[PDB]
């Protein structure tokens, strides 16, 4: 992505980010999903009953086709967050319809973002 | 949508006031129903569980929503009811055990739906603040519930104000190739809580 | 509908200004993509082909529309992009032949979609004036394109201003009994043309 | 009384803002002193310990009071000081262990008071916001302390903003029949805390 | 901010090539030519190919030295020839005396020479990608001579630094993930390499 | 008065270290690196530890000479690398040509080079004492190279002077009475020494 190739020409950065999900399945497919974000400096949740407590958003792709979440604020240099996808409800399908689908991730940055020091990149060609 | 306010009055008196999504239950062709005691369903989860078990006294209202997820090739119908002071009886030791009386957040499956497991015809369980779910009309239902009680400011670990009951009147049925279990989801949101 | 104007500016300066419907392309489960050089796609068809091959100099804008025709039991997703100065490279004689560089009105099928046949990640081909097509949302896409160039009034038989690219990200799939090829159609309409 | 405000400025931005009474320490004829790291003394006690260990960032001011309880037949004098960034050194493995660096709420007894256990003369430890206690004049001392820091909003389990130090300059002495240990008590009260 | 600018992104000096004029051993000549370029190094290629059309000026600096970091006082000549002109072909050819090939004179023991060159192009901008049908964007050459009658026997090493001013970029494009193979052409190898590092599983992390 | 000021207390130039690049005998290399510091000498340590938080700028001067106070005209290169960057590792490594490591060129027979460096820190001030849990306040490095192909056989001695400007000190603390033992740590010996000289009696004097 263009955020993670332009952040290799600098050393320090800080700000918020943006992630947008998109579902590509049949028209008559229904179900629910759960997306959560664990703040920096913690442990990855082991069950969905624990990820339900923090920051999250439910998503029913049978009624909506795209959902978005915003990370509050991150700042690294030169231990930094995690996001998980959980099942909540199975995937329902009528007869004579495929039983597979796919998702896209579509990451991006926000309006509060700064770069503070110049250096040469390392991922040569 | 078509929200129903029980008895026409709201309770009227951030961290502990948020949506709690409960476990999903599977609906099959053979099924009886489920029920949940509502002063306790949240006596083990979140901050609300902590301050309910610590403080002596409790009062609150509630808002409940039930969601379905099916297709246009399925058929069925459900009933959602709320019963103040839902006492569960035992058929013939004259003493139901702890599990049926105080189920966890997952609830307990009905044993004899016809008499509502309490010798109640279930043909008259519509005076209660009910709602209907038909698989061809809609897939949602919302209910408001004030704090009904004789003596104000009662316990939260020794009392049960009311209960919520879901029962399939018409049986689920489908054709070959379709998923054999529509899921059902329940959510709660404490409103105007005190301790 | 949801028309997108590339870079936010129109070109702004009967017989040769009309809709031209191109050949239909078939989409299968296995498929890579197609692309079309756009100063030449019409260098063999209609009056526009005649006055382009005769006159020395040329400038124009364009409007493109892509249409799909599927049912509610199919699944997939496409991407439509426009690339100014789309140079095609050759993998390892260091010289691609004439066919790939200057395809006819029917276009050329992509060989290696992952690197966009030019060593370009295709995970970043969204800075270009793109649009999406999802088989469950809609079936149309429109794009406006001004006349970008360094030197004004260049040739029409020795230059290529830009190119249009269609790529399936998610693969097509269906069930038994359904048609095994959704068609795709492309149309062009010269706007503010000069010679 | 004779309250002293350190550097002349207050921090200036119910449940977690209350008085915390620490353990009592005994004063004898032979004694060196005690000290307490102050961002951590309360990292194991009350609600403040819970929200400090959970949340990543922390900032706060503090108010401290020291009380004595003696009679008119005893003699002595103490010194109470507050040191921003009190780093403890080790005499001759070049690495003091965890216990001295991060003592509990009970604090750690001084090993070499003359050099303040850090090679500091202790004849100059009066530029710090100090106060005196004389057993014939009074028995109290109060200190206000703002939030001094280079970078705002730092950690609470990996940083130490300052430390408090109590040292007897003159030795305790008495006559026969009197109690052989005057007690000393310390209290804290978080003011203008944030998380 | 000011640091995250196109103006500051390209505003630095840096090496573009090294040139050595040899007058000892099997080769006894006094002149050397160098075709000026802007994309002789991979890193500057990937930084200059974030855009398609550009327009700027250039400033050139010359540092010259012997093979042992010694600086005697021998004289030297630097000449720039515009595009579309013959280049010298001998130690003392005729082209070394022309009034239209701007030349400069300086000694070996002196502050480094510094010169500036305007924007030389017959279009309104430079193009790195040209879809139509030995650098592509010709700018000129640099001929370096030691003013002497006979041979000297001492070699000279010369480096050159370029600064660019008043940059203007118009349309962007993604960066490059494949290895460079040839100059002036985007040809790539047949073993496609993934852009991202690999992972054991989609549900694992460290 | 003006002389009893923080501004005048710290406003002087002075040596911070000596660096010698050796290219003769058992060691034949052309480069030398030096981690810049501010507390390499005891006297500057005791003067910089009267405070806890500080903020300033720095100016650096370089004086270089042979081993017999002779100044030939060989060329030299000085390069500064910001914190968080690889450092050279050979006489002619790749890092000697990068556009982001500010470098300067000067001869051996010339007025001494002089450069300035801004306040480099990710906080609002420097800290000499840090109660939380190879200089601590990283600022950069200085790589010095003699531009040559082969060895030279002549060693070079280099001294460096630093001036600091726009000082700001916030909280004071007492001075040091014990002997210094280790760098970056306040560890002291086990034989405590009295701060004041001794006297025969409390009622005697000279």
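Some observations on this one:
- Take F:12-23, D:40-51 and order them by the average number of nearby Cβ atoms within 10 Å per residue, most first; the result is D:40-51, F:12-23.
- The mean count of C-beta atoms from other chains within 10 Å of the C-beta of residues in D:115-126, rounded to a whole number, is 5.
- Approximate shape of the stretch B:1-87 as ellipsoid semi-axes (Cα gyration tensor, √5λ), whole Å, largest first: 29, 17, 14
- Base-10 log of normalised Debye intensity for the stretch F:71-144 (one unit scatterer per alpha-carbon) at q = 0.17, 0.22 Å⁻¹: -0.81, -1.10
- Segments D:77-90, F:163-176 sorted - mean Cβ within 10 Å per residue, highest first: D:77-90, F:163-176
- Percentage, to the nearest whole number, of Cα pairs in the protein assembly as shown over 59 Å apart: 40 percent
- Between the stretch E:100-174 and the stretch D:1-27, the alpha-carbon center distance in angstrom: 72 Å
- Each peptide in F:184-196, D:61-73 receives the mean, over its residues, of other Cβ atoms within 10 Å, and ordering these scores from highest gives D:61-73, F:184-196.
- Exam field: residue F:93 pseudo-label spacings to other copies (7 Å along Cα-Cβ), nanometres: 4.2
- Bridges between two residues of the protein assembly as shown, per DSSP, are antiparallel at a rate of about 95%.
- Axis-nearest residue in chain C [Cβ, rotation onto D], distance in whole Å: C:150, 45
- Percent antiparallel among DSSP beta bridges (both partners in the stretch F:73-199, rounded to 5): 100 percent
- The stretch D:128-146 and the stretch C:37-86: distance between their alpha carbon centers, rounded to Å: 87 Å
- At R0 = 41 Å, FRET efficiency that the Cβ-Cβ distance of residue B:173 and residue B:44 yields, to 0.05: 0.65
- FRET efficiency, residue F:170 to residue F:22 (Cβ-Cβ, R0 35 Å, nearest 0.05): 0.20
- The calculated pair-distance distribution of the stretch E:77-206 uses every alpha carbon pair, bins of 10 angstrom beginning at 0, and gives 7, 25, 26, 19, 13, 6, 3, 0 percent.
- Per-residue ellipticity at 222 nm, computed for chain B from helices alone with -39500 (n - 2.57) per DSSP H run of at least four residues, works out to -1500 deg cm²/dmol.
- Averaged over the residues of peptide A:62-71, the number of Cβ atoms from other protein chains lying within 10 Å of each residue's Cβ is 1.
- Dividing the summed helix terms, -39500 (n - 2.57) for each DSSP H run of n ≥ 4, by the number of residues in chain A produces a 222 nm estimate of -1000 deg cm²/dmol to the nearest 500.
- Starting from the label point of residue F:114 at 7 Å along Cα→Cβ, the same points in the other copies fall at 1.8 nm, in ascending order.
- Each principal axis of the Cα cloud of chain B was taken in turn, and the coordinate range along them, longest first, works out to 54, 45, 30 Å.
- Expressed in units of 2.2 N^0.38 Å, where N is the residue count, the Cα radius of gyration of the stretch F:16-153 is 1.20.
- DSSP beta bridges confined to chain D are antiparallel in about 95 percent of cases.
- Exercise: per-residue mean of other protein chain Cβ atoms within 10 Å, F:105-114: 2
- Taking the helices alone, chain E has a mean residue ellipticity at 222 nm of -1000 deg cm²/dmol, built from -39,500 (n - 2.57) per DSSP H run of at least 4 residues and averaged over all its residues.
Just so you know, all these numbers are worked out from the coordinates, no wet-lab data involved. All Cβ positions, even for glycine, are placed from backbone atoms using ideal geometry, and neighbour counts span all protein chains on display.
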